[PDB]
Amino acid sequence: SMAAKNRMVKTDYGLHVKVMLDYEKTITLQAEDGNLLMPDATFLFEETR
Amino acid sequence: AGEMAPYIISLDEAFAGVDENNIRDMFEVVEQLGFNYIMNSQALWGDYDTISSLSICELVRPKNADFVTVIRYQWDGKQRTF
């Protein structure tokens, strides 16, 4: 997303995705392996219709 | 060296050529020795449970522009005693 100035992204699933970033945050993204601390984000998906 | 020497190493395109699975072992070997390291990699992500802790940075520079954009993370891992 940061590469494209419009912060738009494309995916093989047919979903256009827009990424907005807030960077003041200690948020944890948890999984079976490790807890990744990163800046929060939001992902919108456009209407491919 | 002395008692206080920080064991520093570096790696470029780190561990490229190792299979996607076994890269887990390498970071275990590194941790056991206690190295402080600065690595880089085009595809690797450092999200491996064997890592006791690890800072990350992603460098973005679109094609030729004269600026570099840096995103920061951190990882702590859950080395699998299972």
# chains A, B, ... in the order shown; residues from 1 in each chain; ligands from 1

$ residues_around --residues "residue 11 of chain B" --least-positions-apart "3" --cutoff "7 Å" --atoms "only C-alpha atoms" --output "number ranges by chain"
B: 14, 38-40

$ residues_around --residues "residue 78 of chain B" --least-positions-apart "6" --cutoff "6 Å" --atoms "only C-alpha atoms" --output "PyMOL selection string"
(chain A and resi 33-34) or (chain B and resi 49)

$ residues_around --residues "segment 56-63 of chain B" --least-positions-apart "3" --cutoff "9 Å" --atoms "only C-alpha atoms" --output "ChimeraX atom specification"
/A:2-4 /B:45-46,66-75

$ residues_around --residues "residue 7 of chain A" --least-positions-apart "6" --cutoff "9 Å" --atoms "only C-alpha atoms" --output "PyMOL selection string"
chain A and resi 1+17-20

$ write_last_selection --atoms "N, CA, C and O atoms" --output "PDB file, in the first residue's frame"
ATOM      1  N   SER A   1       0.819  -1.206   0.000  1.00  0.00           N
ATOM      2  CA  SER A   1       0.000   0.000   0.000  1.00  0.00           C
ATOM      3  C   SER A   1       0.853   1.256   0.000  1.00  0.00           C
ATOM      4  O   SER A   1       0.565   2.198  -0.746  1.00  0.00           O
ATOM      5  N   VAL A  17      -8.506  -3.186  -2.606  1.00  0.00           N
ATOM      6  CA  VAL A  17      -8.354  -2.932  -1.182  1.00  0.00           C
ATOM      7  C   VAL A  17      -7.680  -1.586  -0.984  1.00  0.00           C
ATOM      8  O   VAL A  17      -6.646  -1.301  -1.597  1.00  0.00           O
ATOM      9  N   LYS A  18      -8.269  -0.763  -0.126  1.00  0.00           N
ATOM     10  CA  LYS A  18      -7.680   0.501   0.286  1.00  0.00           C
ATOM     11  C   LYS A  18      -7.176   0.357   1.711  1.00  0.00           C
ATOM     12  O   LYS A  18      -7.878  -0.187   2.568  1.00  0.00           O
ATOM     13  N   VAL A  19      -5.965   0.845   1.962  1.00  0.00           N
ATOM     14  CA  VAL A  19      -5.312   0.713   3.258  1.00  0.00           C
ATOM     15  C   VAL A  19      -5.062   2.099   3.825  1.00  0.00           C
ATOM     16  O   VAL A  19      -4.392   2.924   3.193  1.00  0.00           O
ATOM     17  N   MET A  20      -5.591   2.349   5.016  1.00  0.00           N
ATOM     18  CA  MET A  20      -5.309   3.559   5.770  1.00  0.00           C
ATOM     19  C   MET A  20      -4.530   3.183   7.020  1.00  0.00           C
ATOM     20  O   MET A  20      -4.847   2.189   7.682  1.00  0.00           O
TER      21      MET A  20
END

$ closest_atom_pairs --of "chain A" --to "chain B" --cutoff "12 Å" --atoms "only C-alpha atoms" --output "Markdown table"
| residue | atom | partner | partner_atom | distance |
| --- | --- | --- | --- | --- |
| A:1 | CA | B:60 | CA | 9.9 |
| A:2 | CA | B:60 | CA | 7.1 |
| A:3 | CA | B:62 | CA | 5.3 |
| A:4 | CA | B:62 | CA | 7.6 |
| A:5 | CA | B:62 | CA | 9.2 |
| A:21 | CA | B:71 | CA | 10.5 |
| A:22 | CA | B:71 | CA | 11.5 |
| A:23 | CA | B:71 | CA | 9.3 |
| A:24 | CA | B:72 | CA | 11.4 |
| A:25 | CA | B:73 | CA | 11.0 |
| A:26 | CA | B:73 | CA | 9.8 |
| A:27 | CA | B:73 | CA | 10.3 |
| A:28 | CA | B:75 | CA | 9.5 |
| A:29 | CA | B:75 | CA | 9.8 |
| A:30 | CA | B:77 | CA | 9.9 |
| A:31 | CA | B:78 | CA | 9.4 |
| A:32 | CA | B:78 | CA | 7.7 |
| A:33 | CA | B:49 | CA | 5.1 |
| A:34 | CA | B:77 | CA | 3.3 |
| A:35 | CA | B:76 | CA | 5.7 |
| A:36 | CA | B:75 | CA | 4.6 |
| A:37 | CA | B:74 | CA | 5.1 |
| A:38 | CA | B:73 | CA | 4.6 |
| A:39 | CA | B:73 | CA | 7.3 |
| A:40 | CA | B:73 | CA | 10.6 |

$ write_last_selection --atoms "C-alpha atoms" --output "CSV table (one decimal), in the first residue's frame"
chain,number,residue,atom,x,y,z
A,1,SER,CA,0.0,0.0,0.0
A,2,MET,CA,2.7,2.5,0.9
A,3,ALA,CA,4.2,2.0,-2.6
A,4,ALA,CA,1.1,3.3,-4.3
A,5,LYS,CA,0.4,7.0,-3.6
A,21,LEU,CA,-2.6,3.7,8.5
A,22,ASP,CA,-2.6,5.2,11.9
A,23,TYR,CA,0.8,5.1,13.4
A,24,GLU,CA,0.6,5.9,17.1
A,25,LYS,CA,-0.3,2.6,18.7
A,26,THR,CA,1.0,-0.4,20.5
A,27,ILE,CA,-1.4,-3.0,19.1
A,28,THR,CA,-0.8,-6.8,19.1
A,29,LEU,CA,-1.7,-9.1,16.2
A,30,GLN,CA,-1.8,-12.5,17.8
A,31,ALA,CA,-1.6,-16.0,16.2
A,32,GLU,CA,-0.4,-19.4,17.2
A,33,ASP,CA,3.2,-18.2,16.7
A,34,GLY,CA,4.4,-15.0,18.2
A,35,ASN,CA,2.7,-11.6,19.0
A,36,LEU,CA,3.5,-9.0,16.4
A,37,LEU,CA,3.4,-5.4,17.5
A,38,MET,CA,2.7,-3.0,14.7
A,39,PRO,CA,0.9,0.2,13.8
A,40,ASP,CA,-2.8,-0.1,13.5

$ select_by_dssp --residues "chain B" --states "alpha helix (DSSP H)" --output "count of residues only"
11

$ atom_distance --atom1 "atom CA of residue 35 of chain B" --atom2 "atom CA of residue 23 of chain B"
16.4 Å

$ atom_distance --atom1 "atom CA of residue 9 of chain B" --atom2 "atom CA of residue 37 of chain B"
4.9 Å

$ select_by_dssp --residues "chain B" --states "strand (DSSP E or B)" --output "list in words"
residues 8, 9, 10, 11, 36, 37, 38, 39, 54, 55, 56, 57, 58, 59, 60, 69, 70, 71, 72, 73, 74 and 75 of chain B

$ atom_distance --atom1 "atom CA of residue 6 of chain B" --atom2 "atom CA of residue 34 of chain B"
9.1 Å

$ closest_residue --among "B:4, B:44, B:65, B:33" --to "residue 18 of chain B" --atoms "only C-alpha atoms"
B:44
